[PDB]
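Read the structure below first, then the notes.
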Amino acid sequence: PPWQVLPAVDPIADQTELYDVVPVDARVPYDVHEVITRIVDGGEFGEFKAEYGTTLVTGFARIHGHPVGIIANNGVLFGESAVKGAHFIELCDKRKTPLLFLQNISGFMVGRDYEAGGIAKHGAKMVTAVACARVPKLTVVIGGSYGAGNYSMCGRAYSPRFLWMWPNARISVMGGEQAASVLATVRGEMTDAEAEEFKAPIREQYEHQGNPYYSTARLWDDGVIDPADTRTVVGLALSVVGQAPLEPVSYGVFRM
Amino acid sequence: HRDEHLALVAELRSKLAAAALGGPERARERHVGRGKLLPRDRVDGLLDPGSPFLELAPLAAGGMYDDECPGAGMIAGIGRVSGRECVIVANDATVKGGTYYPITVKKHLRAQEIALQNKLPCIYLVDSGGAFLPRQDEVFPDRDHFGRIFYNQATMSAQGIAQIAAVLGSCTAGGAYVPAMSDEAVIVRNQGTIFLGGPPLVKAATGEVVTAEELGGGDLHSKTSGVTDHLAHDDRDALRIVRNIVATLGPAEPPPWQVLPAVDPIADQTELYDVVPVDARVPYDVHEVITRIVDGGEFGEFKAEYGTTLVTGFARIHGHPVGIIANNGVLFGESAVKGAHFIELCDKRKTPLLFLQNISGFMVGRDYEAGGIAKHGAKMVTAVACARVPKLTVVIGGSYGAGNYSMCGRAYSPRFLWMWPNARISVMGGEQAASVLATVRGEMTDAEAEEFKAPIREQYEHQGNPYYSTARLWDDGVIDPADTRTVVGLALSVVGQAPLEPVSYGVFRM
Amino acid sequence: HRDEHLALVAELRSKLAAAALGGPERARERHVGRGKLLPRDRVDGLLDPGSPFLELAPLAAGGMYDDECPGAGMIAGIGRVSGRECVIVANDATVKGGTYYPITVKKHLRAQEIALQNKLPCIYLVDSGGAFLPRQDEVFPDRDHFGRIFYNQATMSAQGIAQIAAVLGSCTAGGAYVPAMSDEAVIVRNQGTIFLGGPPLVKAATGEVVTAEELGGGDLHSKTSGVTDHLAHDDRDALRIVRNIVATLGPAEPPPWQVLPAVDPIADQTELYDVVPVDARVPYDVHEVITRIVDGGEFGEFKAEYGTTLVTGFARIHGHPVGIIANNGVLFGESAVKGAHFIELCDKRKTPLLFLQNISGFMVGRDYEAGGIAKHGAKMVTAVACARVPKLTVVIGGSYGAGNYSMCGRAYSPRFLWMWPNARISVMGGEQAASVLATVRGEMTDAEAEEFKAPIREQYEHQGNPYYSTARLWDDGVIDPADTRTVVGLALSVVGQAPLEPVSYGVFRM
Amino acid sequence: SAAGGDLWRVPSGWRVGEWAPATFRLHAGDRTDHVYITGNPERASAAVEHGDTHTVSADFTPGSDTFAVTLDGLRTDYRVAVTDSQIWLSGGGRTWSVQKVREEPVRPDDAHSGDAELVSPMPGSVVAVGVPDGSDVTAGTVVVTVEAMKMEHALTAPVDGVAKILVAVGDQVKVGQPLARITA
Amino acid sequence: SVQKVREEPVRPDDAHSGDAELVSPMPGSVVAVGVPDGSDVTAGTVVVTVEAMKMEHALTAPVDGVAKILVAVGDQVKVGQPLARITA
Ligand SMILES: *C(=O)CCCC[C@@H]1SC[C@@H]2NC(=O)N[C@@H]21
Ligand SMILES: *C(=O)CCCC[C@@H]1SC[C@@H]2NC(=O)N[C@@H]21
Ligand SMILES: *C(=O)CCCC[C@@H]1SC[C@@H]2NC(=O)N[C@@H]21
């Protein structure tokens, strides 16, 4: 490997505790630190910018002795979260540390003050960092994976060295409830019994196409995995991806 | 504003004329009476007919050493010799016998730094009486003291940057390594002398009496020791031989960027006297400068509506492409982000950068620090420090504090930096210093306030003055504003002669 | 000679103990009373348990600034943090509030130069009140003034040499780029404050009153601006976080050369006090030094019978291979030819070079200049300047004139240079200067000659003293002679961490 | 011994000036104190905080179950065992354990370290308040629920303390808006 | 006990192997002679002192033998000039 591998240290928890802390319903918020501290060696996690951009969690850990920079969604992406992610990816790139992306992303924060703040420019900086990073990237979709959030978190188009889904995950250009609400908003006023009849086909479409088995059937991912196997799968993959040499660091123009 | 600029340029040209004479007239008379060329005639006689000559720091050591060391006793600059731009360093033997003062060392090292960075052949016209012993601790032993001259000769020679010496007079102690470290060395018969220990030392150590011709004359070195490679009959024969040596070096590399035919500017360059206030407290639009110095007035501004206190855009000067970065007010966070992005564009397009400094500093206050203005400034500083393209800097106004760093001041190694005569450079402006210190001292009567502020203003005016700057080689010269376009045009042809490194940045603090 | 060395080392250790305390006791009391670690306890608390610490220039600015600035207000050096050697630079907030004097800048830049040349991570413990305004023209704007610190941070970051900051107190003006230019910055909650313009400037410019905690406190930067990456509860928590950051950098590169098991020297190193005269006028055989510092006393001398005033040969120190070059008298042409050949061998064998300087200069006289001693010297200087292996220099005696250049003085960038307490450094020896100037003034009575010579001797003794040298960073420290083996042993492990360039020489004047 | 003579790994505390004592903060029984050791295992000095200065010699063998200390000239041979965190020693007719412990922080906490603030993670509206204003609650207690983007962000008291509620059901709230303070 | 010993040299050293010639390290002048000519000497005995470059080079005999002195106080000497010879 181009990085240093240490002796692996057991995690502090039985990995089926992941069944307790992650809601199957993507509408229920939870703290993704509950996942991270369970999958990493010894529970040790050095968080970077812990107080800033707190809807994105970024930090250094080891998994089976391999160093990882974990990048995990913890809410909606803000501009602060995207500049945090880009800075952290630059650190991992120079330190030769492979990146682990834990996706549960609905998208970016919407509204006039966020577009005026240049949230698209900050997202573009994170997408540039992800696309140009020379270290290996691994992606686990642990929840939702929607729209430009997919692109900002190293979805399949960014050539993560592997990508896997948990069986609760969903993947589509929008969430089903977002698509149903936006189309009902374009329909305008209608009776609730008429609104539900309008929304049901949209929900059905996005549930059918977004389902993990629909994804894996088409090789959009390398497999649905049991959540409790995540630590093993990443550990196995970390031994694989160290076997290629690194290219030099090189980025496209960051839209400052 | 014209008359104030005219008065400043008249003062500049008077100082340049006084320094160009070198030593006292009796010293010039003794120099010519021994049948030598004057050091400036040696330089002019080396150049191709009518060549321009971009003199490095002609007013070095001005106001230092009781003004007894005009030009720091050295003539240095870039001229065309046998069809190539060469760095010429000539000891002015009329100034204190060519003694190296601390600034003479600094100027010699700066000339070698220009030669290394631009891959220019070095020609050393050696005629020096050695170190200024009362200040030998400033001439010797540190990293940037006299021994570094020879380290530079060696490492440039390792890169194939030709090192050529002509020994036109005395060459003693460590100075004997200037010819001996050269790839090819000329010595003038019956006045050039080289020795590691001269007659006074030979007498003090051994009691033997020798002349400087018996000990290490040109015949001895060219026939017997082999320390020298050509024996010249006189100074003009030495310069002829040096021209023949340079004719063997082959051509310079072509620029890494595309050069188009030069298009004339749309204005007489003395119009710059009309548009730039001498008083740095008076706002003006820096576009009035840019559109006058660029070819055809064509200037493609980047992010014109954003971060409007920094002006950034593409132009040509004498057909060379330039990315101009110019201050137009206080720096905001938006301005530094704009500058960093523009520098990334120039780096990828291989376009050299021109910085026009007139910077008071960054915007101050709680909402700006909360907005992370320091982080955006640091992104601009990272881009400036890491940029692989050549950088040129002209200080057209103020250059204060951290704004100096964001705008590629001397610490960032621009290939050249020049001052206009109205410029000022200090850790802060004099009025800012006086205001902040008065605010710390607290409430005082206006007649007491002026008495407190006057020494501070005097300090920052004395140290910030561009002649104080240039005397210490903080810049490569004070230039007439109307010459700016020519100075940059000459330099753009020089800086294209080095190949580019690959693009590489430090971590941007996003 | 033992008693004279013991007296000199007692003086050294007294000076080191006095400088190690930092500022006045009332300043230390006010520092600790605010719940801070003292700057030296910050450094010691950063290191791995019991780590050595190779302090850079502990007596910097000694005898300067009325001795108001002990250690130049900075602690700098190499220590082991999380299993790596790191350069630590810590502002001594007890010395004038950590104000940067001109030597403080020079020491900071030297620490960064060491980190760049040896690929060592940089840790900056930041707590500084800014520039010393009365000498701001020596702190700002030149190439090696304060703005160069950030140029060093950026370009080292481009090379992947980690730049880590912990903001433990004030951090103002351009100093705000020390955190903001670092790859990863820690700030202590309710202590660290970062701003490009502080409360006095905010008040003078806008009339707003702010505290340094509202303007740029640790909460603001860690939660809102993002200028900082970690929020620490106190100094110990900050040092813990820095250790965790360094633990992510991975290992150092293995040496280019083979390291064997270290073998003890055959002597107690205080035996060096017996064999080296303090009086440089007394000759001694430098083999008496070499065989005491090398592993097992094994020393394979190269050209032992030729050029015998220079000793050259292969040894090991702490298992590292080393090529020792040591003066043993006046340099002859044969000695410089021998040295150049030996350096070529070390370059091809990838063997570090150790220079033990005790050099008066070259041999003087007509037959030596006719023999080309200047070109043989130039060949040795070319080899020294162009050598690609690490060079270390210890000045164990005199270091005068061109002999300083042949023996890899400071101008040649040895990775480290240290002085013994008996050393002297000057453009010439004090007695040589007195003799040559007396010979030039001519015949004098013995009392008239002594009255003429006394001021010259006083000048060269005052300027050549090793504390005068170290106060100005001309060397990296005065060391106890008996520590020489350890210092070199520590440095040999540091300098192996950079990869070698290819072999490349300038033209040897053959 | 583990340093193997590698100068940078040997815990010598070497300095140009006065060497730094190798420093251990140790807890045993009811006593926590620093031990400062200078010298080398063959001949050292050790000083204890609130204690005396003693001559030390230490005879360590790699992988041995026995370790010998000559303390002020009294040689005692100890059975020793070590974990990640405790040193167990038996000798001289007694047996004990010692823990290596962290340094104390140089700055003690203000009582504000017992206090906390809850801030809205999203812009939205308060849909429930779970706790009466100014009441004692435990760190398990949901204090305020904000709805944003059809997600109920139920915010839990991070500490035991008196919870003061700053909002009413139906209030619109911004990102980072304080919704409650909880105090010791 | 058995010792592994280094191989014996293939030529025995000639009788001159114990002799030493003391040569001036510098050009200068003789300022003292430390032993009477033709005496026995013991190693570390100062035999001749040359002053050169305002330094005194006191040359010891490296070996015991008959020390023969080749110069007188006040003689100027070149580099490498034999000043004394010690015969085993
Ligand atoms: C309700 O059905 C609308 C949900 C979708 C809007 C929210 S806004 C913030 C997130 N970013 C995005 O694109 N969708 C999410
Ligand atoms: C009067 O001189 C008040 C000081 C004005 C200084 C201005 S404020 C904004 C810039 N930042 C700085 O340091 N100087 C400039
Ligand atoms: C008396 O001081 C004469 C000088 C003696 C010391 C010498 S001579 C030869 C060396 N070369 C030099 O320049 N100084 C040294």
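When a ligand or atom number is given, it counts from 1 through the structure's own listing order. Below, chains carry the letters A, B, ... as their sequence lines are ordered, and counting in each starts from 1. Side-chain atoms are counted along with the backbone in the values below, which use heavy atoms only and exclude waters and symmetry mates.
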Inset, instruction - Return yes if some donor-acceptor pair links the side-chain N/O of C:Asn358 with the main-chain N/O of C:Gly398 below 3.5 Å, else return no. - result: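 Yes, because the side chain of C:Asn358 sits within donor-acceptor range (under 3.5 Å) of the backbone of C:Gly398.
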Legend entry - Under 4.0 Å to a heavy atom of D:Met149 - the qualifying atoms of ligand 1, by number: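 Listed by number with element: 7 (C), 8 (S).
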Legend entry - A:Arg170 NZ/CZ over A:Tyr206 ring centroid, <6.0 Å and within 45° of normal: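 Checked: cation-pi criterion not met.
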If you measure only the distance, is there a donor-acceptor pair under 3.5 Å linking the side chains of [X] and [Y]?
X: C:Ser170; Y: C:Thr193; answer: no
X: C:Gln357; Y: C:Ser399; answer: yes
X: C:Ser406; Y: B:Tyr177; answer: yes

Ligand 2: protein N/O within less than 3.5 Å of ligand N/O:
unit_1	atom_1	unit_2	atom_2	d
ligand 2	11 (N)	B:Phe362	O	2.6
ligand 2	13 (O)	B:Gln432	OE1	3.3
ligand 2	13 (O)	B:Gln432	NE2	3.3
ligand 2	14 (N)	B:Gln432	OE1	2.7

Legend entry - A:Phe78 side, atom CZ; A:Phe108 side, atom CZ - distance, nearest 0.5 Å: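 Those atoms lie 11.0 Å apart.
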